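*Asks:* You'll find entry22.csv just under this line, and it carries CSV, C-alpha atoms and all ligand atoms.
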```csv
chain,number,residue,atom,x,y,z
A,20,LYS,CA,-32.3,38.3,190.4
A,21,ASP,CA,-34.1,35.0,190.2
A,22,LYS,CA,-33.1,34.9,186.6
A,23,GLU,CA,-29.5,35.0,187.7
A,24,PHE,CA,-30.2,31.9,189.8
A,25,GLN,CA,-32.3,30.3,187.0
A,26,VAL,CA,-29.4,30.6,184.5
A,27,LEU,CA,-26.9,29.2,186.8
A,28,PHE,CA,-29.3,26.4,187.6
A,29,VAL,CA,-29.7,25.6,183.8
A,30,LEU,CA,-26.0,25.8,183.2
A,31,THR,CA,-25.4,23.4,186.1
A,32,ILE,CA,-28.0,20.9,184.9
A,33,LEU,CA,-26.6,21.1,181.3
A,34,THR,CA,-23.1,20.4,182.8
A,35,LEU,CA,-24.4,17.5,184.8
A,36,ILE,CA,-26.1,16.1,181.6
A,37,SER,CA,-22.8,16.3,179.7
A,38,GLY,CA,-21.2,14.2,182.3
A,39,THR,CA,-24.1,11.8,182.4
A,40,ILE,CA,-23.8,11.4,178.6
A,41,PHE,CA,-20.1,11.0,178.7
A,42,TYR,CA,-19.8,8.6,181.5
A,43,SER,CA,-22.8,6.5,180.3
A,44,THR,CA,-21.3,5.9,176.9
A,45,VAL,CA,-17.5,6.0,177.3
A,46,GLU,CA,-17.4,4.5,180.8
A,47,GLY,CA,-20.4,2.2,180.5
A,48,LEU,CA,-22.3,3.4,183.6
A,49,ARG,CA,-26.1,3.3,183.9
A,50,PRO,CA,-27.4,6.9,183.2
A,51,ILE,CA,-28.4,7.2,186.9
A,52,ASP,CA,-24.9,6.2,188.1
A,53,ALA,CA,-23.2,8.5,185.6
A,54,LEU,CA,-25.4,11.4,186.9
A,55,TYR,CA,-24.7,10.5,190.5
A,56,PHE,CA,-21.0,10.2,189.7
A,57,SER,CA,-20.9,13.5,187.9
A,58,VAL,CA,-22.5,15.2,191.0
A,59,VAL,CA,-20.2,13.5,193.5
A,60,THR,CA,-17.2,14.6,191.4
A,61,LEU,CA,-18.0,18.3,190.7
A,62,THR,CA,-19.1,18.9,194.4
A,63,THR,CA,-15.6,17.4,195.3
A,64,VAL,CA,-17.1,14.7,197.6
A,65,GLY,CA,-15.4,11.9,195.5
A,66,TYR,CA,-16.5,8.7,197.2
A,67,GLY,CA,-14.7,6.6,194.6
A,68,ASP,CA,-17.5,4.1,194.5
A,69,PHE,CA,-17.2,5.0,190.8
A,70,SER,CA,-14.1,6.4,189.0
A,71,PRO,CA,-13.0,6.4,185.3
A,72,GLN,CA,-11.2,3.2,184.2
A,73,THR,CA,-10.2,4.2,180.6
A,74,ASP,CA,-7.5,6.7,179.6
A,75,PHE,CA,-10.1,8.7,177.6
A,76,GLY,CA,-12.3,9.0,180.7
A,77,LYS,CA,-9.5,10.1,183.0
A,78,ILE,CA,-8.5,12.8,180.6
A,79,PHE,CA,-12.1,14.0,180.3
A,80,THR,CA,-12.4,13.8,184.1
A,81,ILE,CA,-9.4,16.2,184.4
A,82,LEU,CA,-11.0,18.8,182.2
A,83,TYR,CA,-14.5,18.2,183.5
A,84,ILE,CA,-13.4,18.9,187.1
A,85,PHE,CA,-11.5,22.2,186.2
A,86,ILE,CA,-14.4,23.5,184.1
A,87,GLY,CA,-17.3,22.3,186.2
A,88,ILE,CA,-16.2,23.0,189.9
A,89,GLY,CA,-16.4,26.8,189.4
A,90,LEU,CA,-19.9,26.6,188.0
A,91,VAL,CA,-21.2,24.1,190.5
A,92,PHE,CA,-19.9,26.0,193.4
A,93,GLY,CA,-21.1,29.3,192.0
A,94,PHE,CA,-24.6,27.7,191.8
A,95,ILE,CA,-24.4,26.3,195.4
A,96,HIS,CA,-23.4,29.8,196.6
A,97,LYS,CA,-26.4,31.4,194.8
A,98,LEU,CA,-28.6,28.6,196.0
A,99,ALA,CA,-27.4,29.4,199.5
A,100,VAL,CA,-27.7,33.2,199.5
A,101,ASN,CA,-30.5,34.0,197.1
A,102,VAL,CA,-32.9,31.1,197.8
A,103,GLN,CA,-32.1,29.3,201.1
A,104,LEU,CA,-31.3,32.4,203.1
A,105,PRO,CA,-34.5,34.3,202.2
A,106,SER,CA,-36.5,31.2,202.8
A,107,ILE,CA,-34.9,30.9,206.3
A,108,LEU,CA,-35.5,34.5,207.2
A,109,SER,CA,-39.1,34.1,206.0
A,110,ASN,CA,-39.5,31.0,208.2
A,111,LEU,CA,-38.1,32.9,211.2
A,112,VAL,CA,-40.8,35.7,211.2
A,113,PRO,CA,-43.0,35.3,214.2
A,114,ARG,CA,-46.8,35.4,213.9
B,20,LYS,CA,-24.8,37.6,216.9
B,21,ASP,CA,-24.5,34.5,218.9
B,22,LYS,CA,-28.2,33.8,217.8
B,23,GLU,CA,-27.1,33.9,214.2
B,24,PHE,CA,-24.6,31.2,215.1
B,25,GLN,CA,-27.2,29.3,217.2
B,26,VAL,CA,-29.7,29.2,214.3
B,27,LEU,CA,-27.1,28.0,211.8
B,28,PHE,CA,-26.0,25.4,214.4
B,29,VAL,CA,-29.6,24.2,214.8
B,30,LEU,CA,-30.2,24.1,211.0
B,31,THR,CA,-27.0,22.1,210.6
B,32,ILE,CA,-28.0,19.5,213.2
B,33,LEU,CA,-31.5,19.2,211.8
B,34,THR,CA,-30.0,18.6,208.4
B,35,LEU,CA,-27.6,16.0,209.8
B,36,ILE,CA,-30.6,14.4,211.6
B,37,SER,CA,-32.5,14.2,208.3
B,38,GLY,CA,-29.6,12.3,206.7
B,39,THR,CA,-29.2,10.1,209.7
B,40,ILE,CA,-32.9,9.2,209.4
B,41,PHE,CA,-32.8,8.7,205.7
B,42,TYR,CA,-29.6,6.6,205.5
B,43,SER,CA,-30.5,4.5,208.6
B,44,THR,CA,-33.9,3.4,207.2
B,45,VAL,CA,-33.5,3.5,203.4
B,46,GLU,CA,-29.8,2.4,203.3
B,47,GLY,CA,-29.8,0.2,206.4
B,48,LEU,CA,-26.9,1.9,208.2
B,49,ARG,CA,-26.6,2.0,212.0
B,50,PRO,CA,-27.7,5.4,213.2
B,51,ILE,CA,-24.1,6.3,214.2
B,52,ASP,CA,-22.8,5.3,210.8
B,53,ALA,CA,-25.6,7.2,209.0
B,54,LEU,CA,-24.7,10.3,211.0
B,55,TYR,CA,-21.0,9.9,210.4
B,56,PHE,CA,-21.7,9.3,206.6
B,57,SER,CA,-23.9,12.4,206.5
B,58,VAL,CA,-21.1,14.5,208.0
B,59,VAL,CA,-18.4,13.1,205.7
B,60,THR,CA,-20.6,13.8,202.7
B,61,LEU,CA,-21.7,17.4,203.4
B,62,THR,CA,-18.2,18.5,204.4
B,63,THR,CA,-17.1,17.0,201.1
B,64,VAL,CA,-14.5,14.7,202.6
B,65,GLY,CA,-16.1,11.6,201.1
B,66,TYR,CA,-14.0,8.6,202.3
B,67,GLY,CA,-16.3,6.2,200.5
B,68,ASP,CA,-16.2,3.7,203.4
B,69,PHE,CA,-20.0,4.2,203.1
B,70,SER,CA,-21.9,5.2,200.0
B,71,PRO,CA,-25.5,4.7,198.8
B,72,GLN,CA,-26.2,1.4,197.2
B,73,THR,CA,-29.9,1.8,196.1
B,74,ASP,CA,-31.2,4.0,193.3
B,75,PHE,CA,-33.5,5.9,195.8
B,76,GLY,CA,-30.5,6.7,198.0
B,77,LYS,CA,-28.3,7.9,195.1
B,78,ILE,CA,-31.0,10.3,194.1
B,79,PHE,CA,-31.5,11.5,197.6
B,80,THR,CA,-27.7,11.9,197.9
B,81,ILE,CA,-27.7,14.1,194.8
B,82,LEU,CA,-30.3,16.5,196.4
B,83,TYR,CA,-28.9,16.2,199.9
B,84,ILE,CA,-25.4,17.3,198.7
B,85,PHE,CA,-26.7,20.4,196.7
B,86,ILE,CA,-29.0,21.5,199.6
B,87,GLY,CA,-26.7,20.8,202.5
B,88,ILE,CA,-23.2,21.8,201.4
B,89,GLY,CA,-24.2,25.5,201.4
B,90,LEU,CA,-25.6,25.4,204.9
B,91,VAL,CA,-22.8,23.2,206.4
B,92,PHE,CA,-20.1,25.5,205.0
B,93,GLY,CA,-22.0,28.5,206.1
B,94,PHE,CA,-21.9,27.1,209.6
B,95,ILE,CA,-18.2,26.2,209.5
B,96,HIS,CA,-17.5,29.7,208.4
B,97,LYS,CA,-19.5,31.3,211.2
B,98,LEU,CA,-18.0,28.7,213.6
B,99,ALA,CA,-14.5,29.9,212.4
B,100,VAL,CA,-15.0,33.6,212.5
B,101,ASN,CA,-17.6,34.3,215.3
B,102,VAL,CA,-16.5,31.5,217.8
B,103,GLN,CA,-13.0,30.1,217.1
B,104,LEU,CA,-11.4,33.5,216.1
B,105,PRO,CA,-12.6,35.4,219.2
B,106,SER,CA,-11.6,32.5,221.4
B,107,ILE,CA,-8.1,32.5,219.8
B,108,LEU,CA,-7.7,36.3,220.3
B,109,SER,CA,-8.8,35.8,223.9
B,110,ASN,CA,-6.2,33.0,224.4
B,111,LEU,CA,-3.5,35.3,223.0
B,112,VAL,CA,-3.9,38.1,225.5
B,113,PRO,CA,-0.8,38.2,227.8
B,114,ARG,CA,-1.2,38.5,231.5
C,20,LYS,CA,1.6,40.2,209.5
C,21,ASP,CA,4.0,37.3,209.4
C,22,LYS,CA,3.0,36.7,213.0
C,23,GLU,CA,-0.6,36.3,211.9
C,24,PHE,CA,0.6,33.6,209.5
C,25,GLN,CA,3.0,32.1,212.2
C,26,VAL,CA,0.1,31.7,214.7
C,27,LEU,CA,-2.2,30.1,212.2
C,28,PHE,CA,0.7,27.8,211.2
C,29,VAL,CA,1.3,26.8,214.8
C,30,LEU,CA,-2.5,26.3,215.4
C,31,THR,CA,-2.7,24.1,212.3
C,32,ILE,CA,0.3,21.9,213.3
C,33,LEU,CA,-1.1,21.5,216.9
C,34,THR,CA,-4.4,20.5,215.4
C,35,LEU,CA,-2.6,18.0,213.1
C,36,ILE,CA,-0.7,16.7,216.1
C,37,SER,CA,-3.9,16.1,218.0
C,38,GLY,CA,-5.2,14.0,215.2
C,39,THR,CA,-2.0,12.2,215.0
C,40,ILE,CA,-2.1,11.4,218.7
C,41,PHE,CA,-5.8,10.4,218.5
C,42,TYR,CA,-5.7,8.2,215.5
C,43,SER,CA,-2.3,6.6,216.5
C,44,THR,CA,-3.6,5.4,219.9
C,45,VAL,CA,-7.4,4.9,219.4
C,46,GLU,CA,-7.3,3.7,215.8
C,47,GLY,CA,-3.9,1.9,215.9
C,48,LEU,CA,-2.3,3.8,213.0
C,49,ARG,CA,1.4,4.3,212.7
C,50,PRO,CA,2.1,8.0,213.7
C,51,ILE,CA,3.0,8.8,210.0
C,52,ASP,CA,-0.2,7.3,208.7
C,53,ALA,CA,-2.3,9.1,211.4
C,54,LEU,CA,-0.6,12.4,210.4
C,55,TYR,CA,-1.2,11.7,206.7
C,56,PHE,CA,-4.8,10.7,207.5
C,57,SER,CA,-5.4,13.8,209.6
C,58,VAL,CA,-4.2,16.0,206.7
C,59,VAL,CA,-6.2,14.2,204.0
C,60,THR,CA,-9.3,14.6,206.2
C,61,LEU,CA,-9.1,18.3,207.2
C,62,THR,CA,-8.2,19.4,203.6
C,63,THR,CA,-11.3,17.4,202.6
C,64,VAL,CA,-9.5,15.2,200.0
C,65,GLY,CA,-10.6,12.0,201.8
C,66,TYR,CA,-9.0,9.2,199.8
C,67,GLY,CA,-10.5,6.6,202.2
C,68,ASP,CA,-7.3,4.6,202.1
C,69,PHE,CA,-7.7,5.1,205.9
C,70,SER,CA,-10.9,5.8,207.8
C,71,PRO,CA,-12.0,5.3,211.4
C,72,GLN,CA,-13.2,1.8,212.2
C,73,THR,CA,-14.3,2.2,215.9
C,74,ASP,CA,-17.4,4.1,217.1
C,75,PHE,CA,-15.2,6.3,219.3
C,76,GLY,CA,-13.1,7.3,216.3
C,77,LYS,CA,-16.1,8.0,214.1
C,78,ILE,CA,-17.5,10.4,216.7
C,79,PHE,CA,-14.1,12.1,217.1
C,80,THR,CA,-13.8,12.4,213.4
C,81,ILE,CA,-17.2,14.2,213.2
C,82,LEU,CA,-16.0,16.8,215.7
C,83,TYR,CA,-12.5,16.9,214.3
C,84,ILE,CA,-13.8,17.8,210.8
C,85,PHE,CA,-16.1,20.6,212.0
C,86,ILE,CA,-13.5,22.1,214.3
C,87,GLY,CA,-10.4,21.7,212.0
C,88,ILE,CA,-11.7,22.5,208.5
C,89,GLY,CA,-12.1,26.2,209.3
C,90,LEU,CA,-8.7,26.5,210.7
C,91,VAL,CA,-6.9,24.5,208.0
C,92,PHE,CA,-8.6,26.4,205.2
C,93,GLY,CA,-7.9,29.7,207.0
C,94,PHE,CA,-4.2,28.7,207.0
C,95,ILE,CA,-4.2,27.7,203.3
C,96,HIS,CA,-5.8,31.0,202.5
C,97,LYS,CA,-3.1,33.0,204.5
C,98,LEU,CA,-0.4,30.7,203.0
C,99,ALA,CA,-1.8,31.5,199.5
C,100,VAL,CA,-2.2,35.3,199.9
C,101,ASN,CA,0.5,36.4,202.4
C,102,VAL,CA,3.3,34.0,201.4
C,103,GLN,CA,2.9,32.4,198.0
C,104,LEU,CA,1.5,35.5,196.3
C,105,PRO,CA,4.3,37.9,197.4
C,106,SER,CA,6.9,35.2,196.5
C,107,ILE,CA,5.3,34.9,193.0
C,108,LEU,CA,5.3,38.7,192.5
C,109,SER,CA,8.9,38.8,193.6
C,110,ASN,CA,9.8,35.9,191.1
C,111,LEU,CA,8.1,37.9,188.3
C,112,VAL,CA,10.3,41.0,188.6
C,113,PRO,CA,12.5,41.3,185.6
C,114,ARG,CA,16.2,42.1,185.9
D,20,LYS,CA,-5.9,40.8,183.0
D,21,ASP,CA,-5.6,37.9,180.7
D,22,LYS,CA,-1.9,37.8,181.8
D,23,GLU,CA,-3.0,37.3,185.4
D,24,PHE,CA,-5.0,34.3,184.2
D,25,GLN,CA,-2.2,33.1,181.9
D,26,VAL,CA,0.4,33.2,184.8
D,27,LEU,CA,-1.9,31.3,187.2
D,28,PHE,CA,-2.6,28.8,184.4
D,29,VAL,CA,1.2,28.3,183.9
D,30,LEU,CA,1.8,27.9,187.6
D,31,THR,CA,-1.0,25.4,187.9
D,32,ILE,CA,0.3,23.2,185.0
D,33,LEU,CA,3.9,23.4,186.4
D,34,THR,CA,2.5,22.3,189.8
D,35,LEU,CA,0.6,19.4,188.1
D,36,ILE,CA,3.8,18.5,186.2
D,37,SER,CA,5.7,18.3,189.5
D,38,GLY,CA,3.2,15.9,190.8
D,39,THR,CA,3.2,13.9,187.6
D,40,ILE,CA,7.0,13.6,187.8
D,41,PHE,CA,6.9,12.7,191.5
D,42,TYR,CA,4.2,10.1,191.5
D,43,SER,CA,5.4,8.6,188.2
D,44,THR,CA,8.9,7.9,189.6
D,45,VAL,CA,8.5,7.5,193.4
D,46,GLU,CA,5.1,5.8,193.3
D,47,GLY,CA,5.4,3.9,190.0
D,48,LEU,CA,2.3,5.3,188.3
D,49,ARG,CA,2.0,5.7,184.6
D,50,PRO,CA,2.5,9.4,183.7
D,51,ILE,CA,-1.2,9.7,182.8
D,52,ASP,CA,-2.3,8.2,186.1
D,53,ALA,CA,0.1,10.4,188.1
D,54,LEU,CA,-1.3,13.5,186.3
D,55,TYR,CA,-4.9,12.3,186.9
D,56,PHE,CA,-4.1,11.6,190.5
D,57,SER,CA,-2.4,15.0,191.0
D,58,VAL,CA,-5.5,16.7,189.7
D,59,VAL,CA,-7.9,14.6,191.8
D,60,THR,CA,-5.8,15.4,194.8
D,61,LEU,CA,-5.4,19.2,194.5
D,62,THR,CA,-9.0,19.8,193.6
D,63,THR,CA,-9.9,17.8,196.8
D,64,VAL,CA,-12.1,15.2,195.0
D,65,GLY,CA,-9.9,12.3,196.3
D,66,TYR,CA,-11.5,9.2,194.8
D,67,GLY,CA,-8.8,7.0,196.3
D,68,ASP,CA,-8.6,4.9,193.2
D,69,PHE,CA,-4.9,5.9,193.6
D,70,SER,CA,-3.2,7.0,196.8
D,71,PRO,CA,0.5,6.9,197.9
D,72,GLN,CA,1.8,3.6,199.3
D,73,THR,CA,5.3,4.6,200.4
D,74,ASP,CA,6.3,6.8,203.4
D,75,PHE,CA,8.2,9.2,201.1
D,76,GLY,CA,5.1,9.6,199.0
D,77,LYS,CA,2.7,10.2,201.9
D,78,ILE,CA,5.1,12.9,203.2
D,79,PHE,CA,5.3,14.6,199.8
D,80,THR,CA,1.5,14.3,199.5
D,81,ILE,CA,1.1,16.2,202.8
D,82,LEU,CA,3.2,19.1,201.5
D,83,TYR,CA,1.9,18.9,198.0
D,84,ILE,CA,-1.7,19.3,199.2
D,85,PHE,CA,-1.0,22.3,201.5
D,86,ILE,CA,1.1,24.1,198.8
D,87,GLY,CA,-1.0,23.3,195.7
D,88,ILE,CA,-4.7,23.6,196.9
D,89,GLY,CA,-4.3,27.4,197.3
D,90,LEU,CA,-2.9,27.8,193.8
D,91,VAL,CA,-5.3,25.4,192.1
D,92,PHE,CA,-8.4,27.0,193.7
D,93,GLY,CA,-7.0,30.4,192.9
D,94,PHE,CA,-6.9,29.3,189.2
D,95,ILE,CA,-10.4,27.8,189.2
D,96,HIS,CA,-11.7,31.1,190.7
D,97,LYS,CA,-10.0,33.2,188.0
D,98,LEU,CA,-11.1,30.6,185.4
D,99,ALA,CA,-14.6,31.1,186.7
D,100,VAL,CA,-14.8,34.8,186.9
D,101,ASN,CA,-12.4,36.1,184.2
D,102,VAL,CA,-13.1,33.5,181.5
D,103,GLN,CA,-16.3,31.5,182.0
D,104,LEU,CA,-18.4,34.4,183.3
D,105,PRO,CA,-17.5,36.8,180.4
D,106,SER,CA,-18.1,34.0,177.9
D,107,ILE,CA,-21.5,33.3,179.5
D,108,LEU,CA,-22.5,36.9,179.4
D,109,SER,CA,-21.4,37.0,175.7
D,110,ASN,CA,-23.5,33.9,175.0
D,111,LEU,CA,-26.5,35.5,176.6
D,112,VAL,CA,-26.6,38.6,174.3
D,113,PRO,CA,-29.7,38.4,172.0
D,114,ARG,CA,-29.4,39.1,168.3
E,1,K,K,-13.3,14.8,198.8
E,2,K,K,-12.7,7.9,198.5
E,3,K,K,-13.6,18.3,199.0
E,4,K,K,-13.0,11.5,198.6
```
Let me see whether you can do it: turn the structure in this file into structure tokens.
Ligand SMILES: [K+]
Ligand SMILES: [K+]
Ligand SMILES: [K+]
Ligand SMILES: [K+]

*Replies:*
Amino acid sequence: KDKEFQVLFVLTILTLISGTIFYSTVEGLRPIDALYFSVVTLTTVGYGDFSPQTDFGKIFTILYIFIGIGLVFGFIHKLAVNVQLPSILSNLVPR
Amino acid sequence: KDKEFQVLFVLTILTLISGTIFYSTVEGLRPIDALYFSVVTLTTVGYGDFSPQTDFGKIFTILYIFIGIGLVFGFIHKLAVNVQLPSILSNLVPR
Amino acid sequence: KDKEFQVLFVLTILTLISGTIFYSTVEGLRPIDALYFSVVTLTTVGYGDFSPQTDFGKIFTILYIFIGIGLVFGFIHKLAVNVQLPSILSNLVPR
Amino acid sequence: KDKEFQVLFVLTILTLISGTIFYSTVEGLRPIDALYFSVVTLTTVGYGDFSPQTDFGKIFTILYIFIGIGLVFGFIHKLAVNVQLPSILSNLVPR
């Protein structure tokens, strides 16, 4: 239900926090930029305004992408179908 | 039906208008560039020829991506299967 | 069958040719670069080593993305399940 | 089963090795950077911190994308549903 969505939501934020912590400390980004970069990476947008410069960070980025894309897109999907779609249908009821 | 497609179409344009308004005013882009950037972002292409420079804009971009990807890809999917696919089948009928 | 795959294949190449023609003439790219850019765009990789510089090209790029992503990913999907998957299963048979 | 996952895993690494070999030798990247670039490309992130500079490499990149995206996203999907999802459910059992 909503708890399915809530758990995915929590997993997704924890995953984004891990990236924030990693890119803040290993790659020297401000926490806000490391969060923003983590999001841009796992949603596969990839502006490239930020990207890892160290070998450690490139290796982490490889694993982070493979492990986090599946979760992040699972969350977007549940966001879309269990939250945005009901809300839309609700907003379409005429009164 | 077609109204399902029409509603998604309207929601998608309204979402792209929101990004146009936000990136035009907060990030200083020409309206055309803010529209183009919004599209490039939510379809996950992400050239990076444009990207947010302010902290406010990076935070908005985080939320805009998570909220808009699901809708935009729902629309592309309905575009593909309820409009392009029938039109293709129609264009394959021999006479 | 295979003709389903063949038609999608033809549609996809015709779509990539349209982008090649457009970006070669309107954006001044070498045909090879315009083809490469069209592919990078519709598969949503978006390196940004190329991106449209004119207003005409940005507008075309908006429409090209929305119209071409659905087809290109339909083709990759049929490539994956009707061609690569059988070939893999075939290559797994022990003799 | 797990062997389905194991085979996809092997195919995916072999595909990433092919890109590593190609971009290391034809494009002159360090092996680590060619591996990192191959991953960033086939998951469709596409930072553009690296991108092919030679005509040979752009042509290979076209084919590599079309052939490798389907496999890489098949693997992420099986990673997500046959490995991460069971592990999550397991980690949710109360004791
Ligand atoms: K991308
Ligand atoms: K980029
Ligand atoms: K992408
Ligand atoms: K990109």

*Asks:* Just need the residues of chain B within 10 Å of chain D, counting all atoms listed in the file, so spit them out as a PyMOL selection string.

*Replies:* chain B and resi 63-67

*Asks:* Mind fitting chain A to chain D by least squares on all Cα atoms in order and giving back the moved coordinates as a tab-separated table (two decimals) with C-alpha atoms, keeping the file's coordinate frame?

*Replies:*
```tsv
chain	number	residue	atom	x	y	z
A	20	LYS	CA	-5.89	40.89	183.00
A	21	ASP	CA	-5.58	37.87	180.78
A	22	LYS	CA	-1.97	37.78	181.75
A	23	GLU	CA	-3.05	37.36	185.34
A	24	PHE	CA	-5.04	34.30	184.24
A	25	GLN	CA	-2.19	33.10	181.94
A	26	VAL	CA	0.32	33.11	184.85
A	27	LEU	CA	-1.91	31.31	187.15
A	28	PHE	CA	-2.62	28.82	184.40
A	29	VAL	CA	1.20	28.22	183.89
A	30	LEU	CA	1.82	27.96	187.59
A	31	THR	CA	-0.98	25.39	187.87
A	32	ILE	CA	0.29	23.30	184.96
A	33	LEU	CA	3.89	23.46	186.37
A	34	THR	CA	2.45	22.25	189.75
A	35	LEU	CA	0.55	19.47	188.08
A	36	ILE	CA	3.79	18.43	186.21
A	37	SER	CA	5.70	18.26	189.50
A	38	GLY	CA	3.19	15.87	190.82
A	39	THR	CA	3.16	13.87	187.63
A	40	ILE	CA	6.98	13.58	187.86
A	41	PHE	CA	6.92	12.70	191.48
A	42	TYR	CA	4.22	10.17	191.47
A	43	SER	CA	5.47	8.53	188.21
A	44	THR	CA	8.90	7.87	189.61
A	45	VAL	CA	8.53	7.46	193.39
A	46	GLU	CA	5.09	5.82	193.31
A	47	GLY	CA	5.45	3.95	190.03
A	48	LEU	CA	2.30	5.27	188.31
A	49	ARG	CA	1.97	5.66	184.53
A	50	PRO	CA	2.53	9.42	183.71
A	51	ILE	CA	-1.19	9.71	182.77
A	52	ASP	CA	-2.33	8.21	186.11
A	53	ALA	CA	0.10	10.36	188.09
A	54	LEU	CA	-1.33	13.47	186.30
A	55	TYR	CA	-4.89	12.35	186.88
A	56	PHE	CA	-4.05	11.60	190.51
A	57	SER	CA	-2.37	14.93	191.04
A	58	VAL	CA	-5.55	16.70	189.68
A	59	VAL	CA	-7.96	14.62	191.74
A	60	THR	CA	-5.88	15.39	194.86
A	61	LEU	CA	-5.33	19.19	194.55
A	62	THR	CA	-9.06	19.79	193.55
A	63	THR	CA	-9.87	17.81	196.82
A	64	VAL	CA	-12.08	15.24	194.98
A	65	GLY	CA	-9.86	12.33	196.30
A	66	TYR	CA	-11.45	9.24	194.79
A	67	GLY	CA	-8.76	7.02	196.29
A	68	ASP	CA	-8.59	4.91	193.19
A	69	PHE	CA	-4.92	5.91	193.59
A	70	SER	CA	-3.15	6.96	196.85
A	71	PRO	CA	0.55	6.95	197.93
A	72	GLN	CA	1.79	3.59	199.29
A	73	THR	CA	5.35	4.59	200.40
A	74	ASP	CA	6.28	6.75	203.41
A	75	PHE	CA	8.18	9.15	201.09
A	76	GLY	CA	5.06	9.62	198.95
A	77	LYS	CA	2.74	10.25	201.88
A	78	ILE	CA	5.04	12.88	203.22
A	79	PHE	CA	5.27	14.56	199.81
A	80	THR	CA	1.48	14.25	199.49
A	81	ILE	CA	1.11	16.22	202.78
A	82	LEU	CA	3.20	19.09	201.53
A	83	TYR	CA	1.89	18.91	197.99
A	84	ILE	CA	-1.72	19.32	199.18
A	85	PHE	CA	-0.93	22.37	201.49
A	86	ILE	CA	1.10	24.12	198.79
A	87	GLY	CA	-0.98	23.24	195.76
A	88	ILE	CA	-4.69	23.64	196.95
A	89	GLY	CA	-4.34	27.45	197.25
A	90	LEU	CA	-2.96	27.77	193.75
A	91	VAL	CA	-5.37	25.36	192.14
A	92	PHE	CA	-8.33	26.96	193.68
A	93	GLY	CA	-7.07	30.45	192.93
A	94	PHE	CA	-6.83	29.33	189.24
A	95	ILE	CA	-10.38	27.78	189.27
A	96	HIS	CA	-11.70	31.07	190.72
A	97	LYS	CA	-9.99	33.11	187.95
A	98	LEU	CA	-11.09	30.58	185.41
A	99	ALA	CA	-14.61	31.08	186.71
A	100	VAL	CA	-14.76	34.89	186.91
A	101	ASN	CA	-12.41	36.14	184.24
A	102	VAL	CA	-13.02	33.55	181.48
A	103	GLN	CA	-16.24	31.54	182.04
A	104	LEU	CA	-18.35	34.43	183.25
A	105	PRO	CA	-17.55	36.77	180.32
A	106	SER	CA	-18.05	33.93	177.94
A	107	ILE	CA	-21.52	33.29	179.49
A	108	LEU	CA	-22.56	36.90	179.37
A	109	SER	CA	-21.37	37.02	175.75
A	110	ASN	CA	-23.46	33.92	174.95
A	111	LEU	CA	-26.52	35.50	176.59
A	112	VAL	CA	-26.64	38.63	174.28
A	113	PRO	CA	-29.64	38.41	172.06
A	114	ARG	CA	-29.37	39.02	168.30
```

*Asks:* Determine, counting only C-alpha atoms, every residue of protein, DNA or RNA that lies within 12 Å of (-23.4, 4.6, 186.0) in the file coordinates, then give the result as a list in words.

*Replies:*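 Residues close enough to count: residues 38, 39, 40, 41, 42, 43, 44, 45, 46, 47, 48, 49, 50, 51, 52, 53, 54, 55, 56, 57, 58, 68, 69, 70 and 71 of chain A; 72, 74 and 77 of chain B.
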
*Asks:* Enter the distance from atom CA of residue A:28 to atom K of ligand K 2 (chain E), in Å, rounded to one decimal.

*Replies:*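 According to the coordinates, atom CA of residue A:28 and atom K of ligand K 2 (chain E) are separated by 27.1 Å.
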
*Asks:* What is the distance between atom CA of residue C:102 and atom CA of residue D:97, in Å to one decimal?

*Replies:* 18.9 Å

*Asks:* Please measure the separation of atom CA of residue B:101 and atom CA of residue C:87, giving the value in Å to one decimal.

*Replies:* 14.9 Å

*Asks:* Between B:35, B:59, B:27, B:108, which is the closest to ligand K 3 (chain E) once you count all atoms listed in the file?

*Replies:*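 Result for the nearest residue to ligand K 3 (chain E): B:59.
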
*Asks:* C:86, C:32, C:26, C:61: which is nearest ligand K 1 (chain E), counting only C-alpha atoms and all ligand atoms?

*Replies:*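 Under the stated criterion, the closest residue is C:61.
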
*Asks:* Which of these residues is nearest to ligand K 1 (chain E), using only C-alpha atoms and all ligand atoms: C:80, C:106, C:95, C:62?

*Replies:*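 When distances to ligand K 1 (chain E) are compared using only C-alpha atoms and all ligand atoms, the smallest one comes from C:62.
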
*Asks:* Do a neighbour search on residue B:98 at 9 Å with only C-alpha atoms, toss out local chain neighbours closer than 5 positions, and write the hits as a list in words.

*Replies:*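 Counting only the stated atoms, we get residues 24, 28, 93, 103 and 104 of chain B; 85, 86 and 89 of chain C.
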
*Asks:* For each of A:22, A:30, A:36, A:60, take the minimum atom-to-atom distance to ligand K 1 (chain E), counting all atoms listed in the file, then give the residue where this is smallest.

*Replies:*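 Nearest to ligand K 1 (chain E): A:60.
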